[PDB]
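Each remark here refers to the structure printed beneath this line.
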Amino acid sequence: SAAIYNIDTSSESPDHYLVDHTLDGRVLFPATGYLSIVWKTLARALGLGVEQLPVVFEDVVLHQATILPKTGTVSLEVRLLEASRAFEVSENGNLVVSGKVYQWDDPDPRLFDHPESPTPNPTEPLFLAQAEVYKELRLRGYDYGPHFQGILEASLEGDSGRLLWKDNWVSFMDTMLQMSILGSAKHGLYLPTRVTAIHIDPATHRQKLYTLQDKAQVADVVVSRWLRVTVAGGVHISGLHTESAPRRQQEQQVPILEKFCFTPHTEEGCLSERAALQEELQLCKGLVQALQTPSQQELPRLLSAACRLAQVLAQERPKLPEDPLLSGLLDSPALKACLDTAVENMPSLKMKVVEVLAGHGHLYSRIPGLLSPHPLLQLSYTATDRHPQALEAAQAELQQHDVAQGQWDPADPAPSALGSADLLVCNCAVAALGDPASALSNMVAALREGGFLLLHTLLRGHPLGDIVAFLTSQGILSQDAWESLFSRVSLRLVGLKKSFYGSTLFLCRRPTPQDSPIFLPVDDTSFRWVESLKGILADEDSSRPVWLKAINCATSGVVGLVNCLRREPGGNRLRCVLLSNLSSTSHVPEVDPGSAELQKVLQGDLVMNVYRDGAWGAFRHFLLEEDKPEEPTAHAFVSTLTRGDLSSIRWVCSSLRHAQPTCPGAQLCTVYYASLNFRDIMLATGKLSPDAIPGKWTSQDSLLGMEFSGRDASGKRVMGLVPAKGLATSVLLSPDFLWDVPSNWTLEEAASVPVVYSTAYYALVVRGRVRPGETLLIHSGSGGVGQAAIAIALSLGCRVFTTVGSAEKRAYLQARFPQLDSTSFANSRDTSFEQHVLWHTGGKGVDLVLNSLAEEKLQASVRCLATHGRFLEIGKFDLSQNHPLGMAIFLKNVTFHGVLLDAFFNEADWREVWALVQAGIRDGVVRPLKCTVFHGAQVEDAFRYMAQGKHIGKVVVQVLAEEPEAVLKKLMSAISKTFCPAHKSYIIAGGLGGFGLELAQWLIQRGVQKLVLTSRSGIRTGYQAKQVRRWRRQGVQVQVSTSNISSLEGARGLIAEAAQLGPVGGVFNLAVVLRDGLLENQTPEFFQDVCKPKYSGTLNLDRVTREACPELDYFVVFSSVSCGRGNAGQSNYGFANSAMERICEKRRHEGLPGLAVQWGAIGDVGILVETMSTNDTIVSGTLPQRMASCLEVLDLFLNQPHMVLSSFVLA
Ligand SMILES: NC(=O)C1=CN([C@@H]2O[C@H](COP(=O)(O)OP(=O)(O)OC[C@H]3O[C@@H](n4cnc5c(N)ncnc54)[C@H](OP(=O)(O)O)[C@@H]3O)[C@@H](O)[C@H]2O)C=CC1
Ligand SMILES: NC(=O)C1=CN([C@@H]2O[C@H](COP(=O)(O)OP(=O)(O)OC[C@H]3O[C@@H](n4cnc5c(N)ncnc54)[C@H](OP(=O)(O)O)[C@@H]3O)[C@@H](O)[C@H]2O)C=CC1
């Protein structure tokens, strides 16, 4: 019968290693698992064991991938046709695997002999270790677990290595496949789809296994790309074909990205850039003036009702707090900054937050969402009101945020359950507090010592406040009255966020009795203050506050050090508070110590207190704008930001602007009209993998557009054929692929000729050899290639049979080509055309078939061939799927042509075809197609216009309108993309590290050709050597430098080496050393040697770039999120990061380039992952960000004006 295999990935299941075979986050059944189950079925059928049965698989095809569920079981049916020697593997009656399988009757041990390498005796002592091998594999999308990690050693090119034999036939062969795909230059996931022949002989496999010193038997694997053969032990795979597997967007982590910027404690004029708020305020003022003498919002409606005319106000009170003006600061960064300040001055991660009068406050829908990005914050929010029913309408909302409920009138003392709160939030803009003094006392008592009060209110004497008072005529209080009341209840104002229309967020703190503070200056360059800090923090009984001071050395990293010390066991409540004076300009005078400013700071007792350009405040995180930045550029292309989404189509800045290597053999042509082809939308809808297109293409560039029309460098009207990137504002092509647009033609019409007519001429004339008077069968005759072939054939006086799928297409073809008769047309949507042809050729058939159809239509087209018939395959589905073609049509002297006009871009002879097309232009044989023109801004519409298939002729995106002034005589808003000129040298300090190598690869893919990688010890690992070798082989001038940036002379020398290659355009500080440990373990030398790679190194890089790099474009430093928020155990790391950030802010303030990226945990590569953080484990509440996401985030960050940006992934 049929063998049933119940694949269960359970712990006690005998097949549990399969959970370790993870590809793009989904547990996929290995392609070798099917081979193993078929082998078991065959062994059962022939009565032998698996280890006693040498086997041969042939023409194995994998039709679909089986996803193993987390829980449950997948049933696989294996059916053997022994007489046919074939097998079949099905999931639920759906074909999964097909091929042939049979016993190896005469096993050949000589088949399992390692072929000689094409480049032998490499003399390379460096090989890829198992950790490096699987780091590289995981970078490509292969999350293989420990069971599927059998490659314990590999050569730098992947042609040879060692495979660990764990008595598993699935894992061993899967590691063979990993070895085959390791040396592949292709990028991304590549899953096996077809394997020509697998020969497995366990008899020689046992004898070819040798045990190492670890007593673990291994085999030697050799991959010959020349022979296309992988041999390991007794396994020999030949003809393995791997097809690209798109990476699922579900596995794509969504990272939270913030900007880390300075904000003063007192802010005024907030929300001024909001035009809607200004318009609403103007309308309210006009309504108030009319009463004394957008518009659909609650406040304008109430004002209009009052103008028309108590009852109305009572009815509209519930919707009053939701007004945009009354909630402007509630939906503003000021509230987020105040919340961050509150959670910053906290004993531990616990956050006890209580809201007063939540019925009209509506702070339950913003505060927990705003504090959600905090990774380790434990939030306890309680919504309280005098009347519980007022919260009923918000009940469901209170269920969404897990907010507790309670009853408490502000005029009465708080309940004991609500006492000792950490944060108290009120929104009394609409709600009435009653007696301000009694209430203020009530939640002064309710708040614990050191707690924070955040109240959003309206100020009397202001437009919004005056309007509210007039409408309502306890009540609206002025700022002076509010401050006096705060002083009455012993509240110290630490924050002030005032809008333009008067609404204000007051932040107050309850003072805590503290002894005389100890002032510790942490500005010493020798880092001798760390010993004093350890000594003062060595005691636990004393709780006297310790104020860190950084009056000198404005580029001090005290912020990161303090943030890291807060969550340490020593100093959580010992008040490790800082005082930094970071003046971004020398014009602003500094704040003298021992004066009233320090007294005010102590009175506020805010943990983060920085003086910047006259302002007193702190560095806070803010949510980054979700919109991708756009710039006006003359060079842009069309890209699908998310694969398969036609709505994601956008104009992205191209690499043709920053780098313009105008040299003979290439030409920068301005694109006026670019046509869309079938391949473009097979790319844009995800049906065709971008890597399937031949050519050296990176994983970032878009391949939309194979042809274009427009102007040239000299301004002549030209049209062109390109392998890719033709859908752009400008295109770089050789003149070998250029034709001159004739005067009678329009640039719009000419943008339809290149691809279709070149393909028709190559298939018909070059390969088909269409002699005049012959009989042709042209499929999709209404298409582009079809119309071109019809025109050529009618020029040659040929009988033509065009297959079209519509009556309108028939009519258009008849009108366009009057030489075609009613018998010239058949149906392309069914096999029927075959009979039609076989009827009108007298059963002889057609001489030439221009076939773009597939499957049964392809077979019918083959059956239409006459004797000496030429079959020109223009389509690719049956070619790509390796569909069998019956080799009996060749008995009719038939020649089968696989016509692909894509080898002309990576090989020649193309000129012949070129000449033909030019001839067709001269004779009038080449006639422009019908063009459906879409504007450049509507490109996506065009992409979804002909994908429906109703288009006739060609669809053309009008990138630029043709000027009628002459035939010989462009800024657009495009998404900013980071591209680097080839004439600039880019330095990556620490570029040989984990993040360094991947950043170098990303920069190289972005156009960097002169690269300088700085390492303290040069190349040591096989992975580093392999990456450097690949970069050098592909043309990048990567240079490994031992020069250390920690010394000024070392930085100068490094910049000199970079300038030797070319002008310095980018400096990337990724150097880092780890001296992590608790503060009592910390030593001054540890801080010195940690800050030297990062702080002193960045200072030296700053100085040298200022003095010797006038053309610098990128000055990027990679800090950690430990500085932004805090991580216990690494205080020196945080100090170095914060100092780097201050350096970058100083650089950016003066106009020079500067960027500090506060990375969270990095997943694919790094240092913490390689040592002991396998896969992506929750580290400090932040998940390890994947490298692809890291590179996209860096690309986004590099095109922003913000000095310091942070990115991490929530757990
Ligand atoms: N191998 C090579 O060198 C090259 C091959 N080509 C191939 O030529 C074939 C056709 O290309 P081309 O003629 O320019 O494409 P067109 O957009 O001009 O039209 C293709 C024809 O295919 C039919 N068709 C079937 N399904 C669709 C659909 N979903 N959308 C639009 N049309 C559809 C239509 O004819 P009807 O609907 O009446 O059946 C249409 O007229 C493609 O398979 C393409 O891969 C193109 C260039 C080079
Ligand atoms: N991966 C992560 O978890 C996180 C990383 N980052 C940032 O990522 C960047 C890269 O670190 P990462 O790739 O992760 O870890 P790595 O250990 O792999 O990279 C550190 C590299 O920097 C080298 N280096 C050390 N000192 C110097 C120096 N003075 N000059 C030049 N090179 C030096 C290191 O020493 P050597 O030459 O001996 O090899 C090592 O090569 C750092 O900025 C780091 O702060 C930020 C947050 C998290």
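Numbering starts at 1 and runs along the chain as it is shown here.
Using N, Cα and C of the backbone, Cβ positions are placed for all residues, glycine too.
The candidates are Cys284, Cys564, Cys1190; Swiss-Prot tags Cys1190 with the feature S-nitrosocysteine. Residue annotated by Swiss-Prot as phosphoserine (from the set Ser13, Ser117, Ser516): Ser516. Swiss-Prot records phosphoserine for one of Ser295, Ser828, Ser1047, namely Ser295. Record check of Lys498, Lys687, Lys950, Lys954 in Swiss-Prot: the feature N6-acetyllysine is attached to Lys950. Looking at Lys350, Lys857, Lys876, Swiss-Prot tags one of them with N6-acetyllysine, and that residue is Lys876. When the residues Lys716, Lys809, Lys844, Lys1026 are compared with Swiss-Prot, the one annotated as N6-acetyllysine is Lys809. Swiss-Prot marks one residue of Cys261, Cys576, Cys1144 with the annotation S-nitrosocysteine, and that residue is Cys576.
Among the binding-site residues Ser782, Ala788, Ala989, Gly993, the ones whose Cα is located within 10 Å of the Cα of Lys809 (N6-acetyllysine) are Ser782. Listed recorded positions: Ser782, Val785, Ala791, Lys809. Those with a CB atom under 6 Å from ligand 1: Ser782, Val785, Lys809.
Helix, strand and coil counts under DSSP for the region 'C-terminal hotdog fold' (124-251) come to 31 helix, 47 strand, 50 coil.
Secondary structure at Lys1094 (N6-acetyllysine), as computed by DSSP, is helix. Taking Cα separation as the measure, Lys135 (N6-acetyllysine) is nearest to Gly993 of the binding-site residues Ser782, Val785, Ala788, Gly993.
Less than 6 Å separates the Cβ from ligand 2 in the case of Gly993, drawn from the recorded positions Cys576, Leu776, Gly993, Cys1190 in sequence order.
Cα distances from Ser689 (phosphoserine) to the recorded positions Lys876, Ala989, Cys1190 are smallest for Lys876. In the structure shown, across all protein chains, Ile987 is the one of the recorded positions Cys576, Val785, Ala791, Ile987, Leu997 with the greatest number of other Cβ atoms within 10 Å. The Cβ of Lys135 has fewer other Cβ atoms within 10 Å than any other of the recorded positions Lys135, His779.
Within 10 Å of the Cβ of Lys809 (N6-acetyllysine) there are 21 other Cβ atoms, across all protein chains. Long-range Cβ contacts of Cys1190 (S-nitrosocysteine) within its own chain (separation 6+, distance under 8 Å): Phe995, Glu998, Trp1159, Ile1162, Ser1207. Summary for the binding-site residues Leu776, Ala788, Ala989, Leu999: the Cβ-based neighbour count within 10 Å is maximal at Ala989. The most crowded of the recorded positions listed here (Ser295, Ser516, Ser689, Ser699, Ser782) is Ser782, judged by how many other CB atoms sit within 10 Å of its own CB.
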